[PDB]
Structure formats: C-alpha cells, structure tokens
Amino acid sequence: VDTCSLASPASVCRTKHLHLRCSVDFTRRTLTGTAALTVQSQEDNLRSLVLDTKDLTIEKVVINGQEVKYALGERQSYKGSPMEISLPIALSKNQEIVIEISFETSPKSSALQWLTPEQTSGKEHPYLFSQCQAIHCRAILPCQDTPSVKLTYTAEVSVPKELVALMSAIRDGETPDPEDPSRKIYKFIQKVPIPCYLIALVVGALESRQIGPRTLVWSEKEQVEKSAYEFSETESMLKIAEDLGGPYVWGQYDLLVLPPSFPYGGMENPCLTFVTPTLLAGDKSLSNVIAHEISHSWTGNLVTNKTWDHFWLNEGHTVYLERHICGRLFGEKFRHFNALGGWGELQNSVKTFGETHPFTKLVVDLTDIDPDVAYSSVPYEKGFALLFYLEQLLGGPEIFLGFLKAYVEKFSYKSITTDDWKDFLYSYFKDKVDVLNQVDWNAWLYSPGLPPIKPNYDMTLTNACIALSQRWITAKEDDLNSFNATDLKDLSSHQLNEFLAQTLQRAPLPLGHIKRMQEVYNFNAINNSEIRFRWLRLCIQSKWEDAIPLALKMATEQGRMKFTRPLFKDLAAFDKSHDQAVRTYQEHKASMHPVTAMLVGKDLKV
C-alpha cells in the first residue's frame, strides 16, 4: 500500500495510458485542458474509482461521450483531494475504458514554477517548468499518483508561438494552433511505460545544440555554449552506463539546463534530463550529476520503487552506478574517493537528524509524512553504503556489477519493494547465501543511525585533504603564517571540496583562521558551486560578518535546495545575520519555487 496516494491502488485498477491535451496560459498561470486516462479494471464489477488531485479545478468527466458523476473529497494536506469517479457501466476484470477529465491547474500548483521575463536569462519571455517527484503530478492533472502504476503517454501542448514546449517524451512535431494563431501546438510521445512522477514539461524561449549522437542540450540562448562544453562527457557516460546496465531503451538522451531556481541538481525525466545551472563550473568537474541522471535510465526509470518508502532502491543503486561510471572515466581510486565522501555526507545527515531519527532508516514509513520534508541524503548514501558493503562481501565490483545488470533485466518495466530486491539478491547469489546471512539485515534496512558496518575505502586521494584540514584545525595563531597558496598546488577541485567538507565537519573554526584562509587561498574567488557552498557555510558558522552578503547572494541567486536550505539555516543561526536572513526569505518567498519556499519557511520557522 502506497500511503502517499489517495487513488485506487494497482490491485483495483491500472492506468495504462494518458493522453494529455492542454494549453499553457501565462497571463493566468494555469494549465487548462483534458487528461484522457485509459484505465484497466483489475477487479470484477468495478463501478467507481478514485484519483489523486491537488489544487485542481475540475470542469467535467466524460466517459462514452457523456458526463458522469464525480466528487472531490476534503483536502488532506500535502496529499491533496481525492476524486471519486462514478463509472456509467460496471467493468469486468481486465476491461479498459477511457476517462476524459476537463481540468485547470491553480497558479499555486506545487508541481510548477511560473517565471516572469525578469526571472529568465533573456528578460523578454516568461518560462514554466515542472517537477513532479515525488507526489506533485496530482498538482498538474488527475492521476493515480503512485509509482506502483506505469503508463505510456501522448501529449499536445498549446503555447505562445514564440515559445518552445519540451516534455519527458519523444518530440512528435509542431503546428500552429487552429483555435488561436498566436499559438503553436507541440506534440509528444512516450512509448515506454513510466510512473507518473516522471511526467515533465518545460515552456520557454529555448534553443538547442547537439553534443553527441543521441543528445541535444537545451537552454536559453545565453547558456547554450557553456552547457555544451560542461556536459560533453555525456555520450561517453551513456556508453559506460549501457555496458553496466544493458541497452538504453529511451531513444534520445537530451539535457535541459533550467533557470537557477530549479530545486535539485538534476531530475531523471525520461528522454530529457533536467539539470541545475549550478553545474556550470566551466571545467566539467560537477559531471557526476550527469552520470547520476544517466544512471536513473535503468535504476529508477526501468526498475522503480513501488512506494516512496522504498526510495533507497531508486537512489542507492543510482549512486552506485553513478560512481562506477566516474570510476571508469577517472579510475578506481577516484571511485573510492567519492564513495568515502558519500560516507561523510551520511555522517552529516545522521548528525543533523539525530542518530535515532526515523528519517535515518534506509526503508522509511511515510504514513502522514510529506515526502519533501523527509527527503535527504540518507536513501542516497546509506543505500550506496549497503551496496558498496555487499560488493565487498560478495567478491568485488566485477561480481556485484553482474548482479546489478541481472537485477535491472529482471525488474525492467516493473515497480518493486525492498523485499523484492532482497529476494532477488538471495536468488542471484544462491551459492553465497552463507555470506549474505552474515549481513545484519534488520539494522541495515530498518534501524536509524549510521550503518552497523563501515565498508573499506582506499585513502589515496583523501589523505592530502585530511592532512591539510587537520593542519588548520590544530593550528594556533603562530602557525597561521606557515599557510600559503602552495598548499593547494597538487589538489584537484574535488580535493579542495573534500578539504572544505572535512573542515566544515569541525566548524566553527576561530575567526582568525578563516580570515587567514581567505588571505592565502582566496576561496572567495571560486565560482564552483559545491566549493563556494561549503566555504560560505564554514565562514558563516565561524561568525565572519564579511561573508553574510556573500551567503545571502548565493542563497537567493540560485535555488538548488542542497545549497539554498543550509545557507538560509546558517544565516538564521548566526545572530548578526538572523534578521536579514528572515527578511530576505519574506521578500523573495512569492517568487521562489513553491516546494523550496515551503521548506525554507519550515527551516526558518517563519
């Protein structure tokens, strides 16, 4: 059972297909049209069914060419309002019908951000983007908003003719709109059954440039050249992923580089990955995020978590594949470096939440919990740590990669639970059951806190990071002079980042140390978002007032929650910036992403 959804479950009825016909109204900030759901009964004598909705206005529901009865239940907070539809004729098991629903979205749709021209790069046109994961599809259209159901889709999207629509689907042509010549209709087909959280739409002044045999990069014209360079490893990564995961089944792999308020590093929307412009470091150094989104083309999009309680399946295996891709490109030592960095991030999350907190369990119980509130690094890094531990228990990366490929093959086009995964692990490694039985399953899967066992990590790339961090931590005032720019000479951007991560784990440091750090290392000059993020957190937590306008600027000039949330929290926790932090949030709140605005609000207790 999916406790995040109010719809009839998959055991009752299944959506097989969505035909979406809609128009994007920028003057009203509404999407208006029809969602025609092809629904298959899983039961005898089915006479009603329920769909998820959230902030939707329903005009009518048509089945067999006539309007039918429906009712909207009371809103259940973040879950939205259940919509019960009265079938005109009782259905037998496996019978299919088409239910056509006329709806309009609200300007406040938690799935959508509507941007004014001023919020864009070009300053001439408005822009719209969606983000359905986890349970925001119901805020665009009535559906069974649960990843336990997979459907294909087709769509026709009418937009102002000077703008471009793109979806998580194959582009299927464009024509002028016969109902309004100031508009174009863009068409889309997704022939691979997907969970509805992977439905995606962007509308904006978009341009494209090809960067590989199956990849266009899309963005506003101002960002096209930089993006094309930043993401040029994309085809190489696809070829590696295909080798590890089996065939890429989605046809194209395009990239869309969003405006700065996109709330995540990326979103694995099929055919069209969405990414933050905060990846544009200029040197490809944040490309692990592309590797990660590419990996979702197998783990997540082919094999899918049945409910959000099992989100680690999606994320753990994806981080696992992600790190293999980068290990193939840059070496096994770098894979170990990133793996160990991940353990560090998990230490951070568990410390932040508290070692007994329910959100530090690998498998979580989301009953009455908003998934956006529960979201963290835990499913990513605790999930990865389990897989990395298993890899080491079961004979190493070659062997475990054989399991991963078989697992993808076994569960493609399906939605699964942790028990499904574990059953298959035991099946695949049947001659190593003795070794599998040594695993503390109850702790790994169901207990809060750090895992019961830490994997073995190569230290080669990490040692210099730890060494330098420890010099700074143990330094007294008379040691500060010995620091110099040459300390960084042999460190990659990755290692600088890990140096800062190490030091941040011990923050605050004395203000004089941090001032010295800026003096000799000039971290203020670094535009790498990951590095700049940790550096500003270190400065604010160490009470450097000079850093306040810098942290405020970063927190607001982009909206990636990974960065915006902790910067606002740090600013709020520093007495000198507290008031300005709260004021800045209040002033920006209406023009922020609705999920981000909600969460920063909660973080700031505002």
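When you see a residue number, it is the position in the sequence shown, counting from 1.
Relative to its counterpart among 224-232 and 453-461, 453-461 has the higher mean temperature factor, C-alpha atoms as listed in the PDB entry.
In this entry, 172-180 shows the higher mean Cα temperature factor of the pair 496-504 and 172-180. Residues shown: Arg209, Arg534, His324, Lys123. Highest C-alpha temperature factor in the entry: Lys123. As recorded in the PDB entry, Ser106 shows the highest C-alpha B-factor of the residues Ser529, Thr474, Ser106, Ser130.
In this PDB entry, the Cα temperature factor of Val217 sits in the bottom third of its chain's modelled residues, the lowest group. When the modelled residues of the chain are ordered by their C-alpha B factor, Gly65 lands in the highest third. When the modelled residues of the chain are ordered by their C-alpha B factor, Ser591 lands in the highest third. In the deposited entry, the Cα temperature factor of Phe26 places it in the highest third of its chain's modelled residues. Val249 sits in the middle third of its chain by CA B factor, as recorded in the PDB entry.
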